[PDB]
Structures are given as C-alpha cells and as structure tokens.
Amino acid sequence: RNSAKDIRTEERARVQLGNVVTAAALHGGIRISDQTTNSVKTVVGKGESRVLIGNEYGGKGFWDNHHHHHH
Amino acid sequence: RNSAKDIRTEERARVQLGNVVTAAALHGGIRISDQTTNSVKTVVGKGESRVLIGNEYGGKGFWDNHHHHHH
Amino acid sequence: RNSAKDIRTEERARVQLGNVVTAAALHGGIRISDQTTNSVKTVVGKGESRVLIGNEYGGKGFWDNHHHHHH
Amino acid sequence: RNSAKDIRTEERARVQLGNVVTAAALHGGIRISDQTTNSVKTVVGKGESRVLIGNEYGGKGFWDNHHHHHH
Amino acid sequence: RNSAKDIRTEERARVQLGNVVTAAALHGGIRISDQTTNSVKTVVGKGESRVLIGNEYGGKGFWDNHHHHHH
Ligand SMILES: O=C(O)Cc1cc(-c2ccc(C(=O)O)s2)sc1-c1ccc(-c2sc(-c3ccc(C(=O)O)s3)cc2CC(=O)O)s1
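In the PDB header, solution NMR is given as the technique by which the entry was determined.

Next up on the list: the interface of chain B and chain A. At the interface, 41 residues of chain B touch 43 residues of chain A. Regarding the contact of chain B and chain A, the summed buried area is about 3600 Å², with carbon and sulfur atoms giving 50% of it. It is B:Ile32, B:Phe62 and B:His66 that lose the most area in chain B upon contact with chain A, and together they represent 19% of the buried surface on that side. The interface formed by chain B and chain A holds 1 salt bridge in total. For the salt bridge of B:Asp64 with A:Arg14, the shortest nitrogen-to-oxygen distance reads 2.7 Å. The interface formed by chain B and chain A holds 36 residue pairs in polar contact in total. Of the residues contributing to the side of chain B that touches chain A, the split by class is 11 nonpolar, 23 polar and 7 charged. Pairing of strand 3 (residues 20-21) of chain A with strand 6 (residues 56-57) of chain B, which is carried by 2 bridges, proceeds in the parallel orientation. Within strand 6 of chain B, the position partnered with A:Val21 by the bridge is B:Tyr57.

Another aspect to go through is the sheet that holds strand 3 (residues 38-46) of chain C. If you trace the 10 strands from one edge of the open sheet to the other, you get 1(C)-3(C)-1(B)-4(B)-1(A)-4(A)-1(D)-3(D)-1(E)-3(E), paired in parallel fashion. On the outer flanks of this sheet lie strand 1 (2-10) of chain C together with strand 3 (38-46) of chain E, each paired with one strand and no other. Sheet twist, expressed as the mean angle between neighbouring strand axes with direction ignored, is 5°. Pairing of strand 1 (residues 2-10) of chain B with strand 3 of chain C involves 5 bridges; the strand directions are parallel. The residue of strand 3 of chain C that forms the bridge with B:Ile7 is C:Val43.

Turning to the layout of surface pockets, a few remarks are in order. The space that makes up the second largest pocket amounts to roughly 690 Å³. Residue lining of the second largest pocket: 37 residues in total, with A:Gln35, B:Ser33, D:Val21, D:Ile30 and D:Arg31 positioned closest to the centre. Within the residue set of the lining of the second largest pocket, elements represented by two or more residues are strand 3 of chain A together with strand 2 (14-22) and strand 4 (49-57) of chain D. Of all the elements, strand 2 of chain D adds the most residues to the lining of the second largest pocket, at 4 residues. Each residue belonging to the lining of the second largest pocket can be placed in one class, and the counts come to 10 nonpolar, 22 polar and 5 charged.

Relative to the elements of secondary structure, A:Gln16 occurs in strand 2 (residues 14-17). In this structure the side chain of A:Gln16 is engaged in a polar contact, spanning 2.8 Å, whose partner is the backbone oxygen of B:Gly54. When near neighbours in sequence (up to four residues on either side) are disregarded, A:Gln16 contacts A:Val51, A:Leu52, A:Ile53, B:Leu52, B:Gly54, B:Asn55, B:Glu56 and B:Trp63.

Counting residues in each nonpolar core, the largest one holds 35 residues, and the members touching the most others are A:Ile7, B:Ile7 and D:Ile7. Apart from the residues within four sequence positions on either side, B:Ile7 is in contact with B:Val15, B:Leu17, B:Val43, B:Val51, B:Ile53, C:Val40, C:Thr42, C:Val43 and C:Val44. The next biggest cluster of nonpolar side chains, apart from the first, holds 10 residues, and it includes A:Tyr57, B:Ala25, B:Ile32 and B:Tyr57.

To continue, consider the interface of chain E and chain D. Counting residues at the interface gives 36 residues for chain E, matched by 36 residues for chain D. It is E:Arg14, E:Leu17 and E:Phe62 that lose the most area in chain E upon contact with chain D, and together they represent 19% of the buried surface on that side. Across the contact surface, chain E and chain D share 30 residue pairs in polar contact. Sorting the residues of the side of chain E that touches chain D by element identifies strand 1 (2-10), strand 2 (13-21) and strand 4 (50-55) of chain E as the ones contributing at least two each. Here strand 4 of chain D runs beside strand 2 of chain E; their pairing, made up of 7 bridges, is parallel. Of the residues in strand 2 of chain E, the one forming a bridge with D:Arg50 is E:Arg14.

The tally for this structure, following the rule as stated, stands at 33 salt bridges over all chains. Where A:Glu48 meets A:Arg12, a salt bridge forms, and the shortest distance between an N and an O atom there is 2.7 Å. Linking A:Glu48 in the loop between strand 4 (38-46) and strand 5 (50-53) with A:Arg12 in the loop between strand 1 (2-10) and strand 2, this pair joins segments that are 36 residues apart in sequence. B:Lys46 is paired through a salt bridge with B:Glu10; the nearest N and O atoms lie 2.6 Å apart. Placement of the pair is B:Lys46 in strand 4 (residues 38-46) and B:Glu10 in strand 1, with a sequence separation of 36 residues. A residue is classified by how much of its surface remains accessible, and B:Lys46, at 36% relative accessible area, is partly exposed. What makes B:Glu10 partly exposed here is its relative accessible area of 30%. Via salt bridges that share partners, A:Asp64, D:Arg14, D:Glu48, D:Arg50, D:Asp64, E:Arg12, E:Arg14, E:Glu48 and E:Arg50 belong to a single interconnected network.

Calculation notes
Residues numbered from 1 in each chain as written, not as in the entry; some residues may be left out. Chains lettered and ligands numbered in written order. Heavy atoms only, no water. Contact = heavy atoms within 4.5 Å. Buried area = accessible area lost by both parts, 1.4 Å probe. Salt bridge = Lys/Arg side-chain N within 4 Å of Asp/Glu carboxyl O. Polar contact = N/O pair within 3.5 Å; in protein donor to acceptor, adjacent residues only side chain to side chain. Nonpolar A, V, L, I, M, F, W, Y, C, P; charged D, E, K, R; others polar. Pairing = 2+ DSSP bridges. Helix = DSSP H or I, 4+ residues; strand = E, 2+ residues; numbered from the N terminus. Axes fitted to C-alpha atoms, helices over the stretch in contact; angles between N-to-C directions. 1 Å grid on protein atoms, 1.4 Å probe; cavity = no way out; pocket = protein on both sides within 12 Å on 5 of 7 lines; lining within 4 Å. Points joined across faces, edges and corners; volume = space filled by probe spheres on them. Core = buried A, V, L, I, M, F, W, Y, C linked by side-chain atoms within 4.5 Å. Buried < 20%, exposed > 50% of the residue type's maximum accessible area, 1.4 Å probe, protein only.

Structure follows, in structure tokens:
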C-alpha cells in the first residue's frame, strides 16, 4: 500500500495518489498476496513538480520519457 | 482504496477525488490484482496545482504531457 | 463508492458530487467498474478552486487539459 | 518496506514512491513480495531531478541511467 | 538492509533506492532474504549525478551485472 503525511505541490505542480495502469496492462489475474509497503513523510515540490505516490505499470520506459531508451 | 484527510487547493487549483478511466481503457483489463490502499494526510496545492487522489487507466500519457530527448 | 465529509468552497469556487461522464467515453451508460473506496475528510478550495468528488470517464482530456506547449 | 522522511524536488523535478512494473514482466516471479528495506531520511533534488524510491522489475535494462560501459 | 541519511542531487540528477530485477528474475531461490548492509551517510552530486543504493541485477555491465556465457 501507499501512505503519505505531508505533500506540498505549488507553482503549477501536480500530485497523484494512486497507481498508474497503461493500456498495455492486459495480463493479470486475481491473486491475494503480499504487497510492498511504500510510505513517505514529507514531499516538497516547487516548479511544475510531479509527485507520484504509488506503483507504475508501463512498457514504454517509465513514468516519464527523458533518458534511457530501448537497447 | 483511498484515505485522504486534509486537502487544500488555492490560486485556481483543482482537486479530484476518485479514479480516472480513459477511452483507451474501454474494453481492457480493469482488474489485475490492484490491491492497495492510498492514504494521505495533508496535501498542499498553491498556484493552479492539480490534485489527483486515485489511480488512472490511460496509456496515452501519464495524466499530463511530457516528451523529451534521451541520449 | 465516492463520499466526502466536509468541503469548504469559497471565492468563486465550485463543488460537484457523484460522477462525470465525458462525451468522449460514450453516453451515460452508468455502472462500469467502481472497485475502490474514495472518501475525503476536509477539502479547502479558495480562489476559483474546483472540487470534484467522484470519478470521471473521458479521453479528450484529463478533466481539465488543453495545453499544446511542448518542452 | 520503503520509507522516506524528507524529499525536496524543485525545477521540473518529480518523485515516485512505489516500484516500476514493466510490461516485460508476466505471471512468473512478478510477486517479488517484501525483501530488502530501503529507508532514506533526506533527499534533495534541484534542476531536473528524479527521485525513485522502490524496486524495478522487468527487462528495461535499468530504470534511468546515463549510458553503458565506457572506456 | 539499505539506509541513507543525506542525499543531494542537483543539475539533471536522479536517486534510486531499491533493487533491480531483470526480466529473467532469479534462477530459483525460494528464500529471498536480504543479506547485505549498505548504510549511506551523505552523498552530494551536482551535474549528471546517479545515486543507486540497492542491489544490481540486470544483464548489461554498467551499474548492473550478470553471469553470461563467453565463447
Ligand atoms: O501521518 C501519519 O500519522 C503516518 C502515516 C500516515 C498514513 C496515513 C495517512 C492518512 C491516513 C489517515 O487518514 O488516517 S493513514 S499511514 C502512516 C504511516 C504509515 C507508514 C509510516 C511511515 S514510517 C516513515 C518513515 C520514513 C522515514 C523513516 C525514518 O526516518 O526512519 S520511517 C514514513 C512513513 C509514512 C509517514 O509516517 O508519513 S507512518
């Protein structure tokens, strides 16, 4: 699960509290198991900062596309 | 599941409580063992900040628009 | 399930409770998934702030997005 | 499992609290569960900074790196 | 376990705290436990800073490693 205490997002910033499911995630079943526990105390973002509190599911790189492409 | 406490939005800020499903998610994989609880205490959004409390199902962009050049 | 406890909307602020079905996601079919509990305690919106209590269904834009500026 | 005390992100900086699950993975060992513990106290990033707190699963080579082995 | 006190990343920098798992995963090992102690005190990086605190396991040979067969 995910848990956050204090998140500050100003100056055209944006924050998302959840998981990201891309249109590539079409393979999965129902299985109840253990899930990693990720939690943050304080996050201060300034200047179009983007806060992602959760896990990301993608195939084309990651959350954003700035560096490290396909080999 | 989400659990928010205090969310403050000022200066033309906008906040949404819930999940976002896109047209690309139409007839796809909505259930892939998404077992997680996203809890948050204080969220600050000043300066046209956007607050998204929930998970998304898009693919054609991670909520916002980001495009750069790697190496 | 979408729910809220206290919402403070002031200074040309607006609040909506329920769900939003954008025309980009077909007509108002209603009842598609809803597999998460979305509840917030206190939401403060001052200064043209927008408070949306519910999930949306769209593909043209993520609720509020019309930017065409590349970085 | 993963815990962060204070994280500062400025100037188009972004931070993700979770893990990176790529589409290169499938129903075969994807349930990494809870193994090692990663706890950071102070994280400061300014001017295009990316904070990744979590593990990565897939054949993307590496989440974000500069290049390969150089001479 | 992996712990870090102070991490500073400025000017196109990134900090990754976690373990990397290649698409091939581990060739067995039903007892996945952490048997390494990595405590980071203070690391400052300005200008193309790559901070990786965790376990290396990919298949390239830079910030990662593998076995591979030579011929
Ligand atoms: O704000 C709370 O009360 C704490 C908190 C808040 C959550 C929820 C938010 C709203 C909910 C609600 O509305 O009820 S519940 S869950 C919960 C905890 C879970 C995990 C914890 C850890 S421990 C820590 C580490 C970070 C660094 C380390 C170091 O320096 O040693 S240890 C971070 C987190 C996260 C954190 O404390 O913010 S606290």
